[PDB]
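Participant: Have a look at this one before I ask anything.
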Amino acid sequence: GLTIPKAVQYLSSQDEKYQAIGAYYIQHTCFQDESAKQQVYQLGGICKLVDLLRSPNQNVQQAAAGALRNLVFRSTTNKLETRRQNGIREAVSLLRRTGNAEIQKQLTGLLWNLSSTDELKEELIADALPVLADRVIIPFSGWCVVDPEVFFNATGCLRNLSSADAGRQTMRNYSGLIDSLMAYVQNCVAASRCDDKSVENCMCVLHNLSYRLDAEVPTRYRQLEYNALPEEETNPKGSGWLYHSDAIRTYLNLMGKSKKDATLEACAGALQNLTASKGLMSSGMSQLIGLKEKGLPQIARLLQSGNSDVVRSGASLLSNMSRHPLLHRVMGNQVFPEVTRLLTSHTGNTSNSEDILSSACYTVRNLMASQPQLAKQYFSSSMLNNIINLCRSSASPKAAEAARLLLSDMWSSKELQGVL
């Protein structure tokens with residue numbers, strides 16, 4: 001015969017020769033159509049394939065594995081059911097005892113697909129994360145074989161998990177994980193493979209694990225904060241890297257060489273998160289960025305990107321740094337020109353540009369307070385015109401406010417009126 005309906009059944013009977021054909025058949029057939037997925041689903045193929053993984057034949061193992069990976073791909077339904085059928089439990093119990101590269105690629109690709117389903121992540125970080133951190137991720141970076149693709153899917157998987165409050169706080173504590181993700185990115189940067197296969201994933205996981213850091217992971221900054229400069233761990237361990245100048249440099253490195261916006265946004269992103277804290281860690285981190293690793297350049301360069309999601313991060317980053325006095329000089333010598341142009345064109349007509357503005361304004365206010373002259377040098381007639389309206393433009397409360405706020409806070413000094 002051939003068809004789906006029979007394949008589903010082909011799965012159930014004892015001859016592995018017809019158990020192989022089964023999943024394999026529904027793997028392709030049900031690759032890119034979305035209707036054969038409905039079928040297999042409402043046909044109970046989910047369950048059938050879920051068991052077969054226990055099977056003694058690698059093929060009936062590959063077959064079921066893939067069939068599942070594809071069956072789920074982009075389908076809230078099939079995902080949910082894949083769990084209800086006791087699969088997240090079965091997929092992981094296969095990675096633990098497998099030497100097959102293809103089986104590892106499939107199971108891992110499967111799991112990746114599941115992690116995008118915003119809710120059932122919890123059982124993944126609970127039961128999936130470990131096997132991935134151990135058998136795939138760690139032994140790939142050599143943080144002491146694993147196929148480059150298995151690591152790809154795994155890091156993809158963790159990239160989604162690093163998205164929930166729990167996953168973030170579980171990896172920051174899972175011994176050797178960040179340590180490894182860290183090697184790989186660093187390794188790739190030396191190999192001059194800034195856009196290597198899984199750098200973006202890894203760079204995203206780190207972006208995510210750097211969210212609200214001074215608020216969660218304890219450090220010297222928080223201590224220096226209770227009884228009131230820090231050294232900086234000599235031997236950063238896991239959670240420890242996220243705030244080390246070693247990583248800042250590796251990020252800033254990716255930033256200037258990468259060709260992927262996705263990656264640029266992460267690099268910019270993590271720096272943004274590390275410097276959100278309005279506390280003391282934000283001041284040190286800002287300094288370690290703009291002063292020790294002298295990174296203003298690669299950041300203010302992002303501001304010209306032909307991608308708004310990218311300019312967002314840069315300016316979002318520039319703004320926070322501008323909050324600390326120690327970076328006013330340095331920022332004035334290398335950021336003012338580029339932020340200004342980026343405040344003469346951004347109308348605030350996008351969900352982003354309203355952000356780019358709220359940031360490129362806060363930035364100028366913070367900076368200009370310390371040295372009027374910088375205003376006299378970059379506030380171009382146009383840049384000047386293009387900001388009043390903003391205060392009016394009721395179509396952008398956000399931009400407006402910071403825009404007029406940048407204006408009023410622009411008459412708070414004797415040397416301020418000049419131009420206008």
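Residues are named by chain letter and number: chains run A, B, ... in the order of the structure tokens, numbers start at 1 in each chain, and ligands are numbered from 1 in the order shown.
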Output as a PyMOL selection string all residues of region 36-147 of chain A that backbone DSSP marks as alpha helix (DSSP H).

Facilitator: chain A and resi 36-42+45-52+58-72+76-84+88-95+101-115+121-131+138-141

Participant: Write out as a list in words each polymer residue whose atoms come within 12 Å of residue 234 (chain A), counting only C-alpha atoms; drop sequence neighbours fewer than 5 positions from it.

Facilitator: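 Near residue 234 (chain A), the qualifying residues are residues 240, 241, 244, 245 and 246 of chain A.
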
Participant: List as number ranges by chain the protein and nucleic acid residues near residue 230 (chain A), meaning an atom at most 12 Å away when only C-alpha atoms are counted, but skip any in the same chain fewer than 4 places from it.

Facilitator: A: 219-225, 234, 243-244, 280-281, 283-285, 287-288

Participant: With only C-alpha atoms as the atoms that count, which of A:58, A:82, A:113, A:307 lies nearest to residue 98 (chain A)?

Facilitator: A:58

Participant: Would you list the contacts of region 70-81 of chain A as a PyMOL selection string, taking every protein, DNA or RNA residue within 7 Å and counting only C-alpha atoms, but skipping same-chain residues closer than 5 positions in sequence?

Facilitator: chain A and resi 27+30-31+37+41+113-114+117

Participant: Name all residues at most 10 Å from region 398-403 of chain A (count only C-alpha atoms; drop same-chain ones fewer than 3 positions away) and give them as JSON, numbers by chain.

Facilitator: {"A": [343, 346, 347, 348, 349, 351, 353, 354, 355, 356, 357, 358, 359, 360, 361, 362, 365, 386, 387, 388, 389, 390, 391, 392, 393, 394, 395, 406, 407, 408, 409]}

Participant: For each of A:13, A:169, A:192, A:85, take the minimum atom-to-atom distance to residue 213 (chain A), counting only C-alpha atoms, then give the residue where this is smallest.

Facilitator: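 Nearest to residue 213 (chain A): A:169.
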
Participant: Need the shell around residue 96 (chain A): protein/DNA/RNA residues with any atom at most 9 Å away, counting only C-alpha atoms. Skip same-chain ones fewer than 2 positions apart. Format as an NGL selection string?

Facilitator: :A and (92-94 or 98 or 131 or 135)

Participant: Which residue is closest to residue 208 (chain A)? Choose from A:274, A:254, A:247, A:145 and count only C-alpha atoms.

Facilitator: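 With only C-alpha atoms as the atom set, the closest residue is A:274.
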
Participant: Hey, what's within 8 Å of residue 186 (chain A) if we count only C-alpha atoms and toss same-chain stuff fewer than 4 positions away? As a list in words, please?

Facilitator: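 Contacts, with the query itself left out: residues 182, 190 and 250 of chain A.
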